[PDB]
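> Here it is: the structure, laid out below.
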Amino acid sequence: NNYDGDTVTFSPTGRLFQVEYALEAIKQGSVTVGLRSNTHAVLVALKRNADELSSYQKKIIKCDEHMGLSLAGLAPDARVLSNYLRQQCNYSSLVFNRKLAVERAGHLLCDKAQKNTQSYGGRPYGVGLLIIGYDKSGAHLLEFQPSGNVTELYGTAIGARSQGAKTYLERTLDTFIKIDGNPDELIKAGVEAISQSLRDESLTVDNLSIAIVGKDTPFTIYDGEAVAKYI
Amino acid sequence: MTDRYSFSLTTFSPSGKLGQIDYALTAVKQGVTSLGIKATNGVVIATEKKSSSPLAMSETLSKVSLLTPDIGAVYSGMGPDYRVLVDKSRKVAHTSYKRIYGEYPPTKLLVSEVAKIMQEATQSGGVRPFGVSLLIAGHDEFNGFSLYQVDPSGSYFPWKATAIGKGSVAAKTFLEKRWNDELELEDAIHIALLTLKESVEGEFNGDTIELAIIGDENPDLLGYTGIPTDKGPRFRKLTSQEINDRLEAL
Amino acid sequence: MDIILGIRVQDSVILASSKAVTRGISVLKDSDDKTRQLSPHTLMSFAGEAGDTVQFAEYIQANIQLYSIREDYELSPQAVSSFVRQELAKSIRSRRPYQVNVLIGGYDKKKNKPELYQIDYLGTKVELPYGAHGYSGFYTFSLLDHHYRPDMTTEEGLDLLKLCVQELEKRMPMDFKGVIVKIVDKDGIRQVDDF
Amino acid sequence: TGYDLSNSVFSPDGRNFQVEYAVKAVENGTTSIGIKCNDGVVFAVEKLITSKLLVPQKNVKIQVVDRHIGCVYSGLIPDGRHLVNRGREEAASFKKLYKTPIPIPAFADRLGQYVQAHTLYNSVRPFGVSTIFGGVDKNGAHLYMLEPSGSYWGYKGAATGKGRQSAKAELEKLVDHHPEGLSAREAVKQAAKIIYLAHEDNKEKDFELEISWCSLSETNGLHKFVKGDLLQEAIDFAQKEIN
Amino acid sequence: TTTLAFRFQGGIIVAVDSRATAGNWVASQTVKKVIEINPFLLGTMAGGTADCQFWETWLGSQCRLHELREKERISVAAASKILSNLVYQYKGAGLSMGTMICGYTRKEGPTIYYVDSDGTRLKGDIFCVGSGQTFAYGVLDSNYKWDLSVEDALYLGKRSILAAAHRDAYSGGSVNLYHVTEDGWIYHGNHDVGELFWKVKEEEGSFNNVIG
Amino acid sequence: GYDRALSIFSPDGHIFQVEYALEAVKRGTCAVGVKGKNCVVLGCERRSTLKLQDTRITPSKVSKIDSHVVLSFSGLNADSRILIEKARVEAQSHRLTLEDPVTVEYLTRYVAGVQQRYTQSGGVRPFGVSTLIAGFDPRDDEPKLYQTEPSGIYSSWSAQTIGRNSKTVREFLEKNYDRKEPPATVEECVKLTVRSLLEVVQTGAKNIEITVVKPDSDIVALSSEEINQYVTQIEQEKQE
Amino acid sequence: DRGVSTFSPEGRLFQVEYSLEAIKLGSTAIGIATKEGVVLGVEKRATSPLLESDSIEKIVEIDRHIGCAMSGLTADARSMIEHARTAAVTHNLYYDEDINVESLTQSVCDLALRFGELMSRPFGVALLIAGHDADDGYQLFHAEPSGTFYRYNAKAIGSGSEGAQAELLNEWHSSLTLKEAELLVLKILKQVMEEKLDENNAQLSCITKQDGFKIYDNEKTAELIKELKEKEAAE
Amino acid sequence: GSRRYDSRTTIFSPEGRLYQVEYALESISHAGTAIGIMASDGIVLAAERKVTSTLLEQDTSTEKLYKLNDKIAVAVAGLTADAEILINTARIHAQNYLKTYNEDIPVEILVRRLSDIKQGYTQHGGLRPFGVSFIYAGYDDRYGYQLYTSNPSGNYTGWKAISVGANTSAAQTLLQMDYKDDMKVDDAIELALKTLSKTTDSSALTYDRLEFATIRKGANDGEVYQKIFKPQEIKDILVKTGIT
Ligand SMILES: *[C@@](C)(CO)[C@](*)(O)[C@H](Cc1ccccc1)NC(=O)[C@H](Cc1ccc(OC)cc1)NC(=O)[C@H](C)NC(=O)CN1CCOCC1
């Protein structure tokens with residue numbers, strides 16, 4: 001109310017309203033889902049268009065050969081944060097000949113987002129990210145929030161109506177976690193997960209976006225006719 | 001972080017007033033009375049030593065300060081503001097004059113430099129004006145004895161005699177009746193003590209009054225001998241005993 | 001670069017400047033004009049380090065032209081020479097100084113007098129009846145000491161100048177491919193085409 | 001009024017309301033504690049299991065500074081991480097210049113001054129965390145608790161978060177019942193009990209227990225996480241006491 | 001290197017050799033020393049290969065930006081001055097370049113500018129640049145007339161490079177010919193000195209110093 | 001440094017500081033530009049609440065940017081000096097690097113760019129000035145007249161006016177200027193310019209300035225008597 | 001007042017949303033993409049009849065293979081075009097090739113959010129970027145001051161956009177010829193424009209692989225206007 | 001942050017006026033009146049000191065009239081402290097010009113630069129403008145005798161006779177009434193003093209409440225002399241014209 005003019009101001013109950021308004025931008029964003037087994041990690045994203053004449057806003061970005069994310073909210077802010085991840089993954093390779101641990105990737109994003117919430121002039125990032133990766137400790141899935149809070153999960157979902165997929169994955173937990181050495185089945189589980197967040201619209205060929213990374217699979221994105229298999 | 005106040009805190013109001021300068025002058029009005037009187041062979045500056053507590057040692061707090069060997073300053077208003085101004089005034093006398101010309105600045109020019117510093121606090125980003133009015137008394141070879149008043153705006157005016165602060169209005173009237181262009185330094189000191197007694201309420205002695213003069217050179221206060229041209233400081237702070245001597249023949 | 005001369009007579013300043021541009025064992029050009037018009041009644045010739053010469057001349061030219069447009073007024077030759085000297089006086093204590101020597105020939109319209117200024121790359125300015133830069137002076141100064149008179153006409157000045165060029169063509173080691181001559185007077189700047 | 005809209009502004013009381021508002025964010029957070037023992041310190045924190053989908057043991061909240069200091073905090077988690085990152089920089093530069101690892105009181109003032117600095121200007125926000133930290137140095141064991149204002153003291157036992165009053169009451173009993181001292185292995189078990197008791201103030205979601213410890217004899221003066229058999233032993237001890 | 005370009009009745013001829021050296025080591029015999037900036041502008045390269053190649057390609061990018069911004073092809077004078085002002089900024093740093101900016105525009109007509117790495121910029125009708133410039137000058141000057149035909153001017157340019165290629169140890173390879181007209185530049189082929197010398201010797205009757 | 005974003009969007013999509021700068025222009029004295037078949041004429045109003053002026057030394061309303069281009073303006077006088085100075089410096093800089101004087105379009109584009117920069121830079125306010133820039137491109141005889149404004153937009157005009165009561169004189173020019181047949185001579189062009197100012201000015205005494213620019217750096221300012229003859233001639237034809 | 005980079009309670013940046021209102025006030029610009037080329041057309045909208053309309057430059061070349069149309073505060077576009085041209089030419093210098101139309105658009109869109117307390121406010125202009133490259137063929141992009149760009153088969157921006165976009169929705173198909181697209185832009189521009197459409201107050205342009213980006217003459221557009229009127233009367 | 005306390009000194013009103021400039025002019029209208037009058041053989045500067053006290057040292061005082069160089073002087077109306085900042089800049093600028101061109105600075109050039117500095121404070125920087133209006137009186141060999149005025153906006157104009165500070169409206173009407181072009185210095189001296197005497201807010205115009213200066217070619221042959229009048233000289237000139 002009087003305490004939402006900038007990020008540097010606490011409310012009387014100890015809330016940061018600018019950070020909460022940034023969180024709101026994610027809720028308006030199109031749904032995206034993340035889930036993993038012990039061998040693979042999968043992103044599934046519902047893309048959104050302006051109208052029937054327009055393209056479908058790309059939701060998934062590759063960060064390295066072993067890491068990448070999906071976005072929900074302000075896309076330019078995802079571009080800034082993904083670019084930062086690309087550099088941090090790259091620094092780790094050039095300097096240490098070491099693939100950046102997905103956990104460190106989360107810690108780095110947390111600290112970058114935090115600095116924008118404590119200084120005058122700046123603003124919080126207006127996007128939520130789901131980072132998947134395969135590193136020296138197996139498959140991983142992270143959930144980034146622009147408050148700075150990063151969280152490691154077996155599965156999750158962010159965006160509009162993400163609660164449907166998040167409930168489904170919470171039920172399916174014991175099934176999909178043991179889909180080891182089978183990419184197409186882990187994707188099927190993710191495609192079924194995101195289907196719980198659909199209203200009036202269904203998954204078409206230029207609407208669905210799927211990404212996968214795993215033990216013997218580089219981070220690769222599937223669009224267009226390559227996702228027709230899963231509809 | 002960093003000073004984000006890069007904009008003026010003193011600005012013109014619709015009526016044309018500079019609010020902060022006016023309010024600074026109001027702070028000066030609240031301040032304790034100080035005065036200055038110019039004689040033919042000297043200048044006297046005087047003020048009341050308002051003690052904050054009887055446990056406080058008022059000797060450790062100097063309201064009258066030496067700026068150069070021939071220039072002295074006194075004030076009315078906010079003490080801390082005055083203290084830093086004296087530090088800056090002493091330094092500028094060296095950096096922008098003595099280190100260039102090998103001699104101390106004349107009174108008018110040192111006054112000019114202090115005025116500049118106070119003017120900048122009126123226009124620069126993220127600062128308030130100084131809450132003091134200064135009275136600067138001094139001597140130099142080509143201008144003789146002089147007495148100046150410097151206000152929070154940065155304006156300065158030369159005076160034959162004047163007073164600033166609490167009871168300045170009454171004190172100025174008193175000085176108008178007594179001042180003539182034939183006053184000797186001792187006559188000016190006498191009038192200064194008379195004028196100050198009107199504004200002072202409690203004790204009136206050498207321990208509650210601070211008083212300095214700009215007069216003859218003091219070879220005994222120089223600290224060394226051998227250079228004929230160097231003859232000693234014209235600024236001298238009257239001792240607590242020296243004041244009481246003059247308070248008997250008052 | 002190499003040869004630049006200047007002679008101030010009764011009513012004009014005459015500048016002569018060599019036409020050769022040599023680099024190594026090749027004369028690359030024999031029609032080079034080593035001068036810039038700074039203002040309608042002010043001309044500057046220049047000699048020195050390759051690149052520096054033209055870069056400096058044009059930089060001064062731009063500044064004087066800028067002044068002229070700003071004030072709708074022509075700076076006096078004395079004022080222009082002082083500006084040029086100061087630029088060189090700055091330059092000599094830079095990281096890379098301009099190695100350029102100049103002569104400034106001008107007609108002061110307020111005084112109705114011709115004026116010649118000699119300024120070296122250090123920023124050493126002198127007003128002279130006749131001036132030269134480089135090795136040329138070693139021949140021309142003594143020659144002009146003898147033959148020059150302060151009340152000469154422009155025609156007499158040109159004949160006096162022919163005498164200098166002839167002496168240089170006789171005793172100088174290098175072929176400087178003749179000179180371009182220009183006259184600065186009350187009517188401005190004009191070039192002598194047959195010299 | 002409007003005295004609470006800007007950081008570093010004194011109210012007519014002489015208070016910085018923005019700092020007091022940051023304290024509210026801390027009170028909202030999960031419970032964390034510290035227990036000073038014979039030859040070291042023990043830290044423990046409550047991790048609310050929001051969902052089944054959270055990977056157990058894989059959202060670590062206790063952080064190490066240098067090799068001998070442990071930090072835990074309640075409130076805005078990112079703010080805590082920023083403070084530890086600074087703590088690590090401060091500890092590194094101390095070791096760089098002076099060779100010896102940073103003493104705990106020295107380290108406490110480094111964080112204290114940094115947090116205090118964020119109450120001096122309106123262009124920054126105060127920290128939304130109370131940090132409990134400590135370790136073992138040349139002078140033995142030290143436990144500290146730092147607050148948004150920059151205020152810190154040494155502690156026998158410390159607690160912050162939503163269950164701070166429950167935890168404080170439990171801590172005060174240990175101090176009274178053990179005047180000679182508590183052993184490191186005992187403190188680990190007690191820490192588990194107190195987190196389980198302090199969980200009553202946050203009992204909608206069930207939680208995951210996390211413990212760490214520095215001890216001159218048990219961990220050789222270095223910070224280590226309590227895992228496996230020692231953790232399950234501490235969990236069982238706590239489970240037995242609530243029933 | 002030996003590069004030349006001269007102005008005449010029918011426009012501009014530009015001719016260059018194709019050798020690159022590193023001391024006495026012949027590094028290449030097939031180097032391109034003419035860079036085509038646009039359909040109406042050419043740049044010749046002599047001196048440091050990287051210096052020339054890098055900054056003249058860069059010059060081409062600046063000329064493109066000019067015509068995008070000004071909706072008009074850049075003048076030869078302005079194009080040459082971009083390059084000369086650039087190298088003047090690096091004066092003393094050790095760049096090594098002897099270049100010629102040749103081209104046609106409506107306002108200028110056929111124009112040639114000499115630009116080198118110590119900041120010299122000269123407009124002129126004839127220039128020869130490179131270690132073999134003097135050898136090219138000798139033949140070019142002694143056969144040059146303004147009224148040369150396009151056929152004769154092309155040959156003279158070719159023959160002048162051949163002269164230098166032969167005598168100068170650091171020139172050779174092949175001759176690249178260009179002709180610049182009001183309609184733009186026209187490429188007139190790569191001519192290997194290996195065959196061209198003997199062909200010229202036989203047909204022309206020159207090069208009697210050589211064992212036939 | 002002072003960083004404040006002074007020019008910002010409002011809810012309706014307006015930049016008020018830019019729009020309030022246009023109000024300053026509307027307060028300024030009227031300026032008019034009319035281009036003929038072989039010339040451009042810049043006319044300027046001078047307010048007559050100032051008697052005891054010294055017209056020798058008082059800044060003229062029309063400024064030479066180079067020998068071939070001129071700039072007149074409406075709005076804040078102090079602001080215009082900054083634009084004129086920058087334009088004059090760019091004029092010399094262009095001659096130095098391109099070896100050719102600026103085109104009137106280029107010089108206008110530069111001045112307009114400067115004005116635009118001051119609408120999305122922190123710590124500055126927009127220029128309270130609109131300009132009329134007139135002249136002839138090097139080696140060209142086609143007249144050029146351009147207009148700029150605080151927002152940074154610029155465009156070419158057959159004839160245009162800016163300043164106070166400019167809407168009245170624009171109305172006059174819109175019916176009195178034929179695109180198919182522009183003022184064929186200098187006299188015709190000056191007269192149409194003076195006529196248009198007389199709709200707004202007051203007395204045709206020391207209130208009107210006229211500057212005529214012709215091809216190849218041929219710029220001259222008319223004196224009082226010369227202008228007064230146009231004023232005298234127009235009034236006698238009017239009484240009909 | 002309030003921060004320039006402040007979020008609204010709905011999770012949108014105030015300044016970005018306000019700049020979008022400025023763009024709605026701008027003159028109409030329309031782009032249509034075909035397999036034979038991309039057509040760009042704009043409404044000139046002269047504020048007065050004395051203003052020489054050919055000096056109104058709302059269609060602009062970025063490179064030989066990329067063209068651009070604008071709408072809104074058009075003065076704000078100058079530095080965006082300058083950047084785009086430099087980005088295009090610089091990439092050609094670094095890689096000896098034409099830069100992809102999408103990469104160009106992304107580079108321009110990177111400027112967009114570089115405002116705050118960098119420039120003082122967002123751009124008040126939207127751009128239609130049309131071009132061709134070997135990889136993705138003929139493309140049309142809509143670049144906004146939010147930093148977001150969408151690829152479009154057809155798109156209208158400006159005051160008559162929502163009416164024109166609804167018209168483009170019906171008319172566009174994947175087999176349009178270039179000539180069909182030209183007429184379609186003229187048709188839809190004539191509908192949404194205030195004043196009557198002619199060669200002086202509307203401008204056409206196209207980009208083809210063969211001939212690159214070309215702004216049409218007033219004579220060429222006039223004939224397409226005459227061809228359009230005749231075809232609408234013919235049924 | 002600090003945005004809360006920013007007055008925004010360099011913005012437009014909805015009417016297109018600069019608030020701070022308008023308020024600075026309002027401030028200046030309460031300062032002591034200063035008058036400049038340009039004659040054919042010299043210039044007169046006359047200014048009224050702000051309500052004087054009898055104990056003020058009058059001879060060693062400078063408040064209104066300042067010397068910029070040997071050929072140019074200024075009369076001040078507004079904040080003195082602000083004026084001295086600008087005067088020192090103007091003094092330095094004159095010496096820079098002399099150092100560069102070896103010629104004394106033309107009056108307008110000096111006036112333009114000082115006015116450009118004022119302009120800057122109204123467009124950028126977020127600082128308050130200088131609350132000062134100058135009357136410049138000077139000579140150069142291009143335009144001869146010149147009078148200019150500049151104000152907080154940074155706008156300057158040339159004059160034959162002009163007043164700044166208090167009661168300018170009444171003062172300007174009186175000057176406009178009695179001024180004529182063939183006027184001499186001694187006539188201008190009388191006009192200046194007569195105008196102040198009628199527009200003054202004081203009871204009677206006396207020597208101790210005035211500063212006076214002339215710039216004549218009344219030296220010896222083709223050179224200009226600045227005369228800043230001493231107290232006794234003002235007393236005499238006031239008697240000579242019959243005001244006291
Ligand atoms: C003839 C053959 C004489 O060299 C030409 O000038 C020729 C010009 C040329 C231009 C473009 C493309 C090919 C050829 N120049 C060279 O071939 C040149 C000679 C040269 C060597 C060193 C120089 O620095 C003083 C200047 C000129 N050869 C090279 O540049 C060779 C290929 N590379 C190097 O010598 C590498 N050096 C360059 C300078 O920095 C250190 C490494």
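The chains in the structure tokens are called A, B, ... from first to last as shown; in each chain the residues are counted from 1, and the ligands are counted from 1 in the order shown.
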Residues at most 6 Å from ligand 1, using only C-alpha atoms and all ligand atoms? Could they come as a VMD selection string?
chain E and resid 1 19 to 22 31 33 45 to 49 52 to 53 96 130 to 131 170 to 171
> Keeping N, CA, C and O atoms for every residue in the selection just given, could you write it to a file as a PDB file, in the first residue's frame?

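File part-v3.pdb, as written:
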```pdb
ATOM      1  N   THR E   1      55.602  -6.707 -51.605  1.00  0.00           N
ATOM      2  CA  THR E   1      54.645  -6.047 -52.543  1.00  0.00           C
ATOM      3  C   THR E   1      55.058  -4.982 -53.532  1.00  0.00           C
ATOM      4  O   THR E   1      56.083  -4.322 -53.410  1.00  0.00           O
ATOM      5  N   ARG E  19      52.302 -11.878 -53.897  1.00  0.00           N
ATOM      6  CA  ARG E  19      53.264 -12.547 -53.024  1.00  0.00           C
ATOM      7  C   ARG E  19      53.127 -12.091 -51.576  1.00  0.00           C
ATOM      8  O   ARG E  19      52.819 -10.934 -51.312  1.00  0.00           O
ATOM      9  N   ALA E  20      53.346 -13.018 -50.647  1.00  0.00           N
ATOM     10  CA  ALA E  20      53.474 -12.696 -49.229  1.00  0.00           C
ATOM     11  C   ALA E  20      54.779 -13.288 -48.725  1.00  0.00           C
ATOM     12  O   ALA E  20      55.111 -14.428 -49.053  1.00  0.00           O
ATOM     13  N   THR E  21      55.515 -12.516 -47.932  1.00  0.00           N
ATOM     14  CA  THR E  21      56.822 -12.944 -47.441  1.00  0.00           C
ATOM     15  C   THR E  21      56.936 -12.835 -45.925  1.00  0.00           C
ATOM     16  O   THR E  21      56.248 -12.033 -45.297  1.00  0.00           O
ATOM     17  N   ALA E  22      57.804 -13.667 -45.357  1.00  0.00           N
ATOM     18  CA  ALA E  22      58.208 -13.570 -43.956  1.00  0.00           C
ATOM     19  C   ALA E  22      59.731 -13.662 -43.915  1.00  0.00           C
ATOM     20  O   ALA E  22      60.297 -14.752 -43.811  1.00  0.00           O
ATOM     21  N   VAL E  31      48.057 -14.565 -52.827  1.00  0.00           N
ATOM     22  CA  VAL E  31      47.355 -13.654 -51.934  1.00  0.00           C
ATOM     23  C   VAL E  31      46.571 -12.594 -52.705  1.00  0.00           C
ATOM     24  O   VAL E  31      47.047 -12.064 -53.706  1.00  0.00           O
ATOM     25  N   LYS E  33      45.521  -8.946 -52.860  1.00  0.00           N
ATOM     26  CA  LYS E  33      45.963  -7.642 -52.357  1.00  0.00           C
ATOM     27  C   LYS E  33      45.016  -6.503 -52.722  1.00  0.00           C
ATOM     28  O   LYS E  33      45.227  -5.365 -52.303  1.00  0.00           O
ATOM     29  N   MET E  45      46.503  -3.263 -50.959  1.00  0.00           N
ATOM     30  CA  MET E  45      47.200  -3.615 -49.722  1.00  0.00           C
ATOM     31  C   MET E  45      48.703  -3.752 -49.918  1.00  0.00           C
ATOM     32  O   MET E  45      49.163  -4.508 -50.773  1.00  0.00           O
ATOM     33  N   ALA E  46      49.463  -3.021 -49.109  1.00  0.00           N
ATOM     34  CA  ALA E  46      50.914  -3.189 -49.038  1.00  0.00           C
ATOM     35  C   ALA E  46      51.358  -2.934 -47.608  1.00  0.00           C
ATOM     36  O   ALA E  46      50.794  -2.083 -46.923  1.00  0.00           O
ATOM     37  N   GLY E  47      52.370  -3.673 -47.166  1.00  0.00           N
ATOM     38  CA  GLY E  47      52.821  -3.617 -45.778  1.00  0.00           C
ATOM     39  C   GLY E  47      52.382  -4.865 -45.043  1.00  0.00           C
ATOM     40  O   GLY E  47      52.279  -5.936 -45.641  1.00  0.00           O
ATOM     41  N   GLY E  48      52.126  -4.731 -43.745  1.00  0.00           N
ATOM     42  CA  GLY E  48      51.725  -5.864 -42.913  1.00  0.00           C
ATOM     43  C   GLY E  48      50.409  -6.448 -43.385  1.00  0.00           C
ATOM     44  O   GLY E  48      49.423  -5.721 -43.527  1.00  0.00           O
ATOM     45  N   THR E  49      50.393  -7.757 -43.630  1.00  0.00           N
ATOM     46  CA  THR E  49      49.218  -8.426 -44.207  1.00  0.00           C
ATOM     47  C   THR E  49      48.007  -8.308 -43.292  1.00  0.00           C
ATOM     48  O   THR E  49      46.925  -7.933 -43.736  1.00  0.00           O
ATOM     49  N   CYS E  52      46.797  -4.567 -43.007  1.00  0.00           N
ATOM     50  CA  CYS E  52      46.061  -4.207 -44.219  1.00  0.00           C
ATOM     51  C   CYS E  52      44.722  -4.928 -44.293  1.00  0.00           C
ATOM     52  O   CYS E  52      43.673  -4.299 -44.433  1.00  0.00           O
ATOM     53  N   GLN E  53      44.773  -6.252 -44.190  1.00  0.00           N
ATOM     54  CA  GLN E  53      43.592  -7.099 -44.362  1.00  0.00           C
ATOM     55  C   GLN E  53      42.502  -6.758 -43.350  1.00  0.00           C
ATOM     56  O   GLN E  53      41.339  -6.613 -43.717  1.00  0.00           O
ATOM     57  N   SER E  96      51.787  -1.087 -39.989  1.00  0.00           N
ATOM     58  CA  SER E  96      52.528  -0.977 -41.242  1.00  0.00           C
ATOM     59  C   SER E  96      51.569  -1.150 -42.408  1.00  0.00           C
ATOM     60  O   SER E  96      51.105  -2.257 -42.673  1.00  0.00           O
ATOM     61  N   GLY E 130      54.745  -0.158 -52.171  1.00  0.00           N
ATOM     62  CA  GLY E 130      55.323  -1.451 -51.824  1.00  0.00           C
ATOM     63  C   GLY E 130      56.824  -1.479 -52.032  1.00  0.00           C
ATOM     64  O   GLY E 130      57.404  -0.536 -52.567  1.00  0.00           O
ATOM     65  N   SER E 131      57.444  -2.581 -51.616  1.00  0.00           N
ATOM     66  CA  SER E 131      58.889  -2.776 -51.743  1.00  0.00           C
ATOM     67  C   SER E 131      59.376  -2.698 -53.190  1.00  0.00           C
ATOM     68  O   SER E 131      60.534  -2.354 -53.435  1.00  0.00           O
ATOM     69  N   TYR E 170      60.976  -9.548 -53.254  1.00  0.00           N
ATOM     70  CA  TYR E 170      59.808  -9.661 -52.383  1.00  0.00           C
ATOM     71  C   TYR E 170      58.497  -9.338 -53.097  1.00  0.00           C
ATOM     72  O   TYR E 170      57.489  -9.069 -52.446  1.00  0.00           O
ATOM     73  N   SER E 171      58.520  -9.350 -54.429  1.00  0.00           N
ATOM     74  CA  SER E 171      57.302  -9.276 -55.231  1.00  0.00           C
ATOM     75  C   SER E 171      57.259 -10.481 -56.158  1.00  0.00           C
ATOM     76  O   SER E 171      58.292 -11.094 -56.436  1.00  0.00           O
TER      77      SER E 171
END
```
> Select all residues from chain B having any atom no more than 9 Å from an atom of chain D (counting only C-alpha atoms, ignoring ligands), output as JSON, numbers by chain.
{"B": [1, 2, 3, 4]}
> Of the residues A:156, A:13, A:37, A:28, which is the one nearest to residue 74 of chain A, using only C-alpha atoms?
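Comparing A:156, A:13, A:37, A:28 against residue 74 of chain A, the winner is A:28.
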> Excluding segment 217-232 of chain B and any residue of its chain fewer than 5 positions from it, enumerate the residues within 12 Å of it, using only C-alpha atoms, and give them as number ranges by chain.
B: 41-42, 68-70, 103, 139-141, 237
> For those residues, write C-alpha atoms to a file as a compact mmCIF listing (two decimals), in the first residue's frame.

```txt
# COMPACT_ATOMS: atom_id res chain seq x y z
CA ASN B 41 44.66 50.67 16.76
CA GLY B 42 42.89 47.32 17.11
CA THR B 68 45.91 33.07 11.30
CA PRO B 69 48.38 34.91 13.57
CA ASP B 70 46.61 38.19 12.66
CA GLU B 103 52.40 34.91 3.54
CA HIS B 139 44.81 42.89 10.49
CA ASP B 140 46.97 43.04 7.37
CA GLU B 141 49.65 45.47 6.17
CA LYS B 237 43.23 35.87 23.69
```
> If I take atom CA of residue 88 of chain D and atom CA of residue 65 of chain D, how far is one from the other in Å, to one decimal?
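Between atom CA of residue 88 of chain D and atom CA of residue 65 of chain D the gap works out to 5.4 Å.
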> To one decimal in Å, tell me the separation between atom CA of residue 167 of chain A and atom CA of residue 47 of chain A.
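Interatomic distance here is 20.9 Å.
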> Of the residues C:106, C:40, C:188, C:173, which is the one nearest to residue 135 of chain C, using only C-alpha atoms?
C:173
> In Å to one decimal, how far is atom CA of residue 37 of chain H from atom CA of residue 180 of chain H?
10.6 Å
> What are the DSSP strand (DSSP E) residues of segment 4-228 of chain B, as a PyMOL selection string?
chain B and resi 34-39+42-48+65-68+71-77+132-140+144-150+156-158+161-164+209-214
> Using DSSP on the backbone coordinates, identify the residues of segment 9-171 of chain B assigned to alpha helix (DSSP H); present them as a VMD selection string.
chain B and resid 19 to 30 79 to 93 99 to 101 107 to 123 168 to 171
> Do me a favour and pick out the residues of chain F within 10 Å of chain C, using only C-alpha atoms, as a PDB file with C-alpha atoms, in the first residue's frame.

```pdb
ATOM      1  CA  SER F  63      21.738  32.208 -36.439  1.00  0.00           C
ATOM      2  CA  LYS F  64      24.225  30.995 -39.041  1.00  0.00           C
ATOM      3  CA  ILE F  65      25.238  27.377 -38.358  1.00  0.00           C
ATOM      4  CA  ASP F  66      27.538  27.381 -41.373  1.00  0.00           C
ATOM      5  CA  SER F  67      27.955  29.779 -44.323  1.00  0.00           C
ATOM      6  CA  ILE F  84      23.149  26.301 -31.972  1.00  0.00           C
ATOM      7  CA  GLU F  85      26.612  25.750 -30.462  1.00  0.00           C
ATOM      8  CA  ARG F  88      27.993  24.747 -35.316  1.00  0.00           C
ATOM      9  CA  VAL F  89      30.572  22.329 -33.864  1.00  0.00           C
ATOM     10  CA  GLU F  90      29.062  19.405 -35.794  1.00  0.00           C
ATOM     11  CA  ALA F  91      29.106  21.545 -38.950  1.00  0.00           C
ATOM     12  CA  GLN F  92      32.886  22.020 -38.669  1.00  0.00           C
ATOM     13  CA  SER F  93      33.420  18.389 -37.636  1.00  0.00           C
ATOM     14  CA  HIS F  94      31.545  17.208 -40.753  1.00  0.00           C
ATOM     15  CA  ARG F  95      33.688  19.410 -43.033  1.00  0.00           C
ATOM     16  CA  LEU F  96      36.778  17.971 -41.339  1.00  0.00           C
ATOM     17  CA  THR F  97      35.997  14.254 -41.765  1.00  0.00           C
TER      18      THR F  97
END
```
